[PDB]
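S.K.: model the structure of this input:
(4 chains, ligands or ions: 8)
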Amino acid sequence: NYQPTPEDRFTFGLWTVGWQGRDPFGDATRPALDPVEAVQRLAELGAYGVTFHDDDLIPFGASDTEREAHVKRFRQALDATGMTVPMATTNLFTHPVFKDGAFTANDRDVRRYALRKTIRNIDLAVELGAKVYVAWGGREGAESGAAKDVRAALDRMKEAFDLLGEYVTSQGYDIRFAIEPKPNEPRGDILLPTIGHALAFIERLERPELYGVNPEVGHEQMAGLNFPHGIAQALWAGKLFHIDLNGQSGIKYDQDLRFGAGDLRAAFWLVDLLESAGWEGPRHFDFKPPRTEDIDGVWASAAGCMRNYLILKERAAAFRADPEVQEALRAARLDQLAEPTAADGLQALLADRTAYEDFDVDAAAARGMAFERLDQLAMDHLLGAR
Amino acid sequence: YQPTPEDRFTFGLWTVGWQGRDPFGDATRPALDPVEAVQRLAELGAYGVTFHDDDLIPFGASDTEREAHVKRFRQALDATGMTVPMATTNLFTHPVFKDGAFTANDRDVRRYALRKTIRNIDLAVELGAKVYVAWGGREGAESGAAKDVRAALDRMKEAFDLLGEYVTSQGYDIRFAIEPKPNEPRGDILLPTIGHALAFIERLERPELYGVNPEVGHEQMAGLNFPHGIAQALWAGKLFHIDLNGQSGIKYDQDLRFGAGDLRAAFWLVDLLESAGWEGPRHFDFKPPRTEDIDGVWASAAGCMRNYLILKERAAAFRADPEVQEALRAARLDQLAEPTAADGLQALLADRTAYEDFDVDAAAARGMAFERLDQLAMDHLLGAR
Amino acid sequence: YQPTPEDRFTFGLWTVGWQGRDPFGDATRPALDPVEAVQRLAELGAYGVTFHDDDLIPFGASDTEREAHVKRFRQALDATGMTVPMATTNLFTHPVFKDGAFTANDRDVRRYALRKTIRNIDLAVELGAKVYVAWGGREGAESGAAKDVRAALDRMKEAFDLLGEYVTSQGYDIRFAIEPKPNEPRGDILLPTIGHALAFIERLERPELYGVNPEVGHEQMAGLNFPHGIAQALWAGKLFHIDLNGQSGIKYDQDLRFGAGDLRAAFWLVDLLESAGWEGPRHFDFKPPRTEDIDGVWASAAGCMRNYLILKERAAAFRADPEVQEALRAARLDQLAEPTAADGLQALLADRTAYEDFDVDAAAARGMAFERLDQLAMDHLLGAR
Amino acid sequence: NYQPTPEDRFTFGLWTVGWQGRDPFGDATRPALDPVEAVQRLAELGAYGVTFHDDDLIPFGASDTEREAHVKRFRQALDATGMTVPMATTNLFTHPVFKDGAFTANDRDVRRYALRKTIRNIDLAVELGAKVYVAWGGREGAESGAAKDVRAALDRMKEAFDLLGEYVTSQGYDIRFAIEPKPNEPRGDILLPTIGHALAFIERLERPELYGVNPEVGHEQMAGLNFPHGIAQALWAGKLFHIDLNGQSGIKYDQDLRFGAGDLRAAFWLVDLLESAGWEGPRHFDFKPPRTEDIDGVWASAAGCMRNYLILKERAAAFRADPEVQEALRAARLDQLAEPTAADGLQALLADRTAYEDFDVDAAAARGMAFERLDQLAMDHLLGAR
Ligand SMILES: [Co+2]
Ligand SMILES: [Co+2]
Ligand SMILES: [Co+2]
Ligand SMILES: [Co+2]
Ligand SMILES: [Mg+2]
Ligand SMILES: [Mg+2]
Ligand SMILES: [Mg+2]
Ligand SMILES: [Mg+2]
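M.R.: Numbering: from 1, shown residues only, chains lettered A, B, ... in the order given. Ligands and ions are numbered 1, 2, ... in the order given. Here you go:
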């Protein structure tokens, strides 16, 4: 079978299984979930750990005594269960004060507050043992063209991130940052809308080695992009610091379906890529059990994220191990794609008549790529029909 | 709103030259002689033209036919005073490129692709072009095992680093611009957006040589905000060239004349390029619809330049209006340009006004005054002020 | 471009009353008293307002509280002269409707939904409304086995036929308008477009009683052309009401003020409604962004009406221009209005000029002159003629 | 196994496996395919029949002798192989004469020609035994707002369709029409963009009983719509006269991937719906083997369409037959959805206090729908992991 165990490193955001089902047209359909109950039940399902926004753990506005009491109760639940906390983030989107952004709010007083709120939670993240601190700039953006000077907003975003890197560096903390792109919602357009924009922005920070990306399946798909391809570019760059796994059925609002729902073939190729690459990060789910579900449907959904990952892993492993698939991969020249084009160097290339005057373009054009048969073997393996 | 060569408007030879053949339909216009394209665009007030190698010289031409074609194009440039600011290679039409060019799985094809590009770089330099564009239209895949994207990025980096070595070794003053596109003609294309292309550049051996050539319609095919993407390329110092056109939504690549499609995005784009003082060519990569005859082709081209000029006038008026400046201050755009924490990290951590004494409810009650600002922008665009 | 009640502009109470709560963020404005909405909209030059049952009367109110709330709203209508042309039921906010209302899998919920609607129809009639809108926001599914769509269509038909029996039996002069939406808040909503709603109507017991209430943003969330969809509803005689707003692309339902989003589609929409002489209310269903304070809410509402009026002026000028009329004839728009074969089937089959002697190459060479026509439309929209 | 046989009623357009791979940026990558070779090889793969546009069978401009010679050679191949021709259509989009439309071209002379071309092919369709005649108005539309008066274009479209219905009726032919919606491409916006618009338009024809729809998987998905839901509405209306099966990976150009590629979960629910409904039409593939493939990759692709249909049919059948799934369906109240809301009638409903004053909304709101567990059983069956 497909039973998850903590060795699989599956993690969940507290706000996932804790989502009360309030949407923009509907009230809450489930009662608030105690974080301690979340830790306990996810451990029972075979999870490895949980993640949190500051405000999922400590009530906004808590005195120091309440903050300590909440953190202490949470840590007792982690310690009883053996659950970890690999990742933390700040809620810089719920409160009305962030309605124009946090790090890129036009009001400087809000930007300063946003940094202080984040810094206090970095300290908490280190205390809990989190190794990655995620930033999701969901209010960073605009609905109209004059409301945000995007060059100046990138200056402010770079300034915020540099100050956070200086903080971590001055404290000696072992924590790294992961930026989560999203193209829109809740703003009309969000800054750093894709894996690409976020990776490019990182290269202009003071201490770029401290920053990577936290890509979410559904966010890339909201722009109609190929999520496995984006993940491959993050991997190629050495910047895949964390991931959010879920599902999305098209270009529309952010659905956060359980992983495996949505674009099932994309989920298979994503699992094939993470496993083939030997990526060792947490398999973290950022999903919302639909508001139609009661608390039992919540745990079914959570269990289903893990189950789908493990089925897909089994199928992708069987695909790569199949000598008929490996022969189809060679027939499609995947092996040549991994060979240098010109290890002989530019001068040898420029001298080589087989690369130009003697290159038979018509014979080369006649060769089929044999991609359809290869894709059908992949479909057979995914469906268990080999 | 009459264009003149001072506006630096340019067109690809393949834009006005498009014969109207689409995936469902045959050509509706005959082939256009590149010399006639140059004279007609000059009459329209254009500044220059751009070309793929195969637009100028028939694929497969002997060295003699190649020289004769080149010389003949050059005489038309010299006669009219038109320039050639940018060149590119056709690495997509011939069936040999069906699985890609710099990222073809077949190594022989990748080597041939590089040889074909280098030949054309030499011509681009001869003709005066300062930007060499790469549009990887066939780099990509329709299925998940067909292309190992990590290996493809290694081949793409290798090809671009070889091109950079080439230009440096020859002492050419030419820079590369990568044109992103999310899909079409491949199911997914590599470097699908401005951001992915910017990120990829940062890992080349000589990153200073490479920028982006973003196309309005391409970003909009992924539902992205083109002026925001251009703002990130300008902030990065990487906007080496631009393709102007229109697109109406997430669907096939329409290449409508500039101004059509998303008209408010075109207004903001013009405001941004003008406000930033970007000095590159205003290049159109558009296709006159196949419904049009040759006179409609020139109407469409004139319309590109006319729309740009009207939008330019409306954006300048927006910025020059004292009421708009007041509305910008009301919306705190001036504060967005001020450092968050010039006082530094230690002073910010010590500042009670940024945390314990920050009155969050008072701050939350402040309106942004964005709707009034945007309606002023709308009034200016529509000439209703 | 000052609105007056002669323009018949109307607003939902829930538009200017939106508190700014979104799926990621709490309310940014306090609740708006419906009486204050009526007075402020009247000051702005509006003609009327519309309401869900729950916008006027708190869900769960006793018969006494209900009468007191209703009477108080009516006095504000009578004082200002504002009208109520349309009413609708809230069948989406309360958790009991999480799986739908007329198509909930649970039969008790479907019966309760119908009872709740019928109560509100009675109020709609009392208040003078002539259109009753149904927006099935929760009719739909996130997963394939959750909803048998054939059975759901049977329940939807049953609910609408029961409503029709009700209105007929009471002798009410009121018509129903179904509002399509492709998705949000459900993964897919039933009757996702204008066409699906039009087709569904044709199978009701009393189809004459039912029309559509299409919303600009809803059609555009499926990447569809809103003026084309409205043209089909007008051709069908089914455009009973309209929701005006803006949307920028395929993404979540933005409900921007009208004019924002797709500005050229807004121009064509206004041209169509004006040209057709459609006489329904110009109703806005938009949300002032949560960035705005209460003054920004009224700026946004004024902007809806202002944009409509500027677009109206530009469309009328386009149509009145003798150069545009000439360009329309050049493009053969007059021929599109002429019967293809008034001579009938037998005469068409006997006509050699329609087949053996039809000179297809000569016909194919004719340009459509669409780009020049469209650039005249652009010049008119931008006031650049 | 999953071996197709003619009893499965799988059909292919000649232009599918015959697609030469010419796209808007690329030349043809395969040589022209002889229709006789198409019939022979599809029969070898287990197909039941083929479909055609007039111009796939007879060269445009053929003399009567050439037209008869082409038709006779084609019929000899059908007769040798036992292949059928269930459906025919007209090519009213390739030639430059149709660049502004056919039935809705602004030029009346083109509209008249378009009708004559179509009528001549209806006669041919009856001769070959086709029972459905498809209309795909792919050039009917516009790129700009003033170029097409959509009300007048619907008048012309209704006029064209009425004249075709009068033709069929006057000839006594047993053929019915199926309109194929598409939202855009190659025009900026196409008239009758979806199943809904096409079904609505039909209700205004003179003889609506003669017309239904031919929906294509990828076309509905190009508008981000749910194809199984659209098909359910066509079925509910009694208007599903034919179908085009293929795949599409998102909102983008029309990809015509082999069936099962693209949105795999949508393909499963489509198969579940066609089979559960007992729909008896041809399972017709309108796909394009990618231009990367040689002729062997073409036949692999075609074989893969049929294979995927049969795997999905097996899995959907196993899903519906599973008593654990049927119990999950009842737990989600799917049985109640099929019960009349108010068979007691309006008066009894209006008298029934349990439907209003005594309806306990809070108790009803508390019930979960149990949709996630039900969807996870569906995922397990699709993946062969029960
Ligand atoms: Co999300
Ligand atoms: Co383009
Ligand atoms: Co809306
Ligand atoms: Co298609
Ligand atoms: Mg996330
Ligand atoms: Mg371009
Ligand atoms: Mg509405
Ligand atoms: Mg088709």
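S.K.: so who does the closest residue to ligand 3 within the stretch 151-300 of chain A touch?
M.R.: Nearest residue of the stretch 151-300 of chain A to ligand 3: residue A:253, at 11.3 Å (C-beta to the ion). The way it works is simple: take the backbone N, C-alpha and C, and place the C-beta from them, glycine included. By C-beta atoms under 8 Å, 6 or more residues apart in numbering or on different chains, the residues touching residue A:253 are A:185, C:183-184, C:251-253.
S.K.: give me the neighbour count for the residue in the stretch 101-250 of chain A that ligand 2 sits nearest to.
M.R.: Nearest residue of the stretch 101-250 of chain A to ligand 2, counting by C-beta to the ion: residue A:224, 15.3 Å away. Close neighbours of residue A:224, defined as other C-beta atoms under 10 Å in any protein chain shown, add up to 24.
S.K.: and it, how far is that from ligand 6?
M.R.: 19 Å (C-beta to the ion, to the nearest Å).
S.K.: same check on residue A:156?
M.R.: When residue A:156 is compared with ligand 6 (using C-beta to the ion), they lie 32 Å apart.
S.K.: CA atoms only for the helix or strand hosting that residue, dumped as PDB, please.
M.R.: Counting by DSSP states H and E, the element that carries residue A:156 is helix A:150-171. Provided in PDB are the C-alpha atoms of helix A:150-171 (Å, rounded to 0.1, in the frame of the first residue of the first chain):
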ATOM      1  CA  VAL A 150       6.500  49.300  -9.900                       C
ATOM      2  CA  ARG A 151      10.200  50.400 -10.100                       C
ATOM      3  CA  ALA A 152       9.900  52.200  -6.800                       C
ATOM      4  CA  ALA A 153       7.900  49.200  -5.300                       C
ATOM      5  CA  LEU A 154      10.800  46.800  -6.400                       C
ATOM      6  CA  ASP A 155      13.200  49.300  -4.700                       C
ATOM      7  CA  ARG A 156      11.100  49.000  -1.500                       C
ATOM      8  CA  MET A 157      10.900  45.200  -1.800                       C
ATOM      9  CA  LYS A 158      14.600  44.900  -2.300                       C
ATOM     10  CA  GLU A 159      15.200  47.200   0.700                       C
ATOM     11  CA  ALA A 160      12.800  45.100   3.000                       C
ATOM     12  CA  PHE A 161      14.500  41.800   1.900                       C
ATOM     13  CA  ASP A 162      18.000  43.300   2.400                       C
ATOM     14  CA  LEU A 163      17.100  44.400   5.900                       C
ATOM     15  CA  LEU A 164      15.800  41.000   6.700                       C
ATOM     16  CA  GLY A 165      19.000  39.400   5.400                       C
ATOM     17  CA  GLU A 166      21.000  41.800   7.500                       C
ATOM     18  CA  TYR A 167      19.000  40.900  10.600                       C
ATOM     19  CA  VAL A 168      19.500  37.100  10.100                       C
ATOM     20  CA  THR A 169      23.200  37.600   9.300                       C
ATOM     21  CA  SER A 170      23.700  39.900  12.400                       C
ATOM     22  CA  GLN A 171      21.900  37.400  14.700                       C
END
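S.K.: residue A:81: what's it in contact with?
M.R.: Residues in contact with residue A:81 (C-beta under 8 Å, 6+ apart) are A:39-40, A:43.
S.K.: please spell out the ChimeraX selection for the buried subset of those residues.
M.R.: Buried residues among the contacts of residue A:81 (16 or more other C-beta atoms under 10 Å in any protein chain shown), as a ChimeraX selection:
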select /A:39,43
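S.K.: tell me the secondary structure at the residue of the stretch 151-300 of chain A closest to ligand 3.
M.R.: Here residue A:253 is recorded as coil under DSSP: H, G, I helix; E, B strand; the rest coil.
S.K.: that one - nearest residue in space that isn't next to it in sequence?
M.R.: Closest residue to residue A:253 apart from its sequence neighbours, by C-beta to C-beta, 6 or more residues apart in numbering or on different chains: residue C:252 at 4.0 Å.
S.K.: between the contacts of residue A:81, which is nearest chain B?
M.R.: Taking C-beta to the nearest C-beta as the measure, chain B lies nearest residue A:39 of those, at 29.0 Å.
S.K.: and that closest one, how far from ligand 5?
M.R.: 20 Å.
S.K.: and that residue, what does it touch?
M.R.: Contacts here follow C-beta under 8 Å, 6+ apart; on that basis residue A:39 touches A:50, A:74, A:77-78, A:81, A:83.
S.K.: relative to ligand 1, which of these is nearest.
M.R.: Using C-beta to the ion, residue A:50 comes nearest to ligand 1 of these, at 17.7 Å.
S.K.: who's in contact with stretch A:155-173?
M.R.: Identification of contacts with stretch A:155-173 by C-beta under 8 Å, 6+ apart yields A:103-104, A:111, A:114-115, A:118-119, A:122-123, A:126, A:135, A:137, A:140, A:175, A:177, A:191-192, A:201, A:204-207, A:210-211, B:235, B:336-337, B:339-341, B:345, B:348.
S.K.: of these, grab the buried ones for PyMOL.
M.R.: Of those, the buried ones go into a single PyMOL selection, burial set by 16+ other C-beta under 10 Å:
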select buried, (chain A and resi 103+104+111+114+115+118+119+122+126+135+137+140+175+177+191+192+201+204+205+210+211) or (chain B and resi 235+336+340+341+345+348)
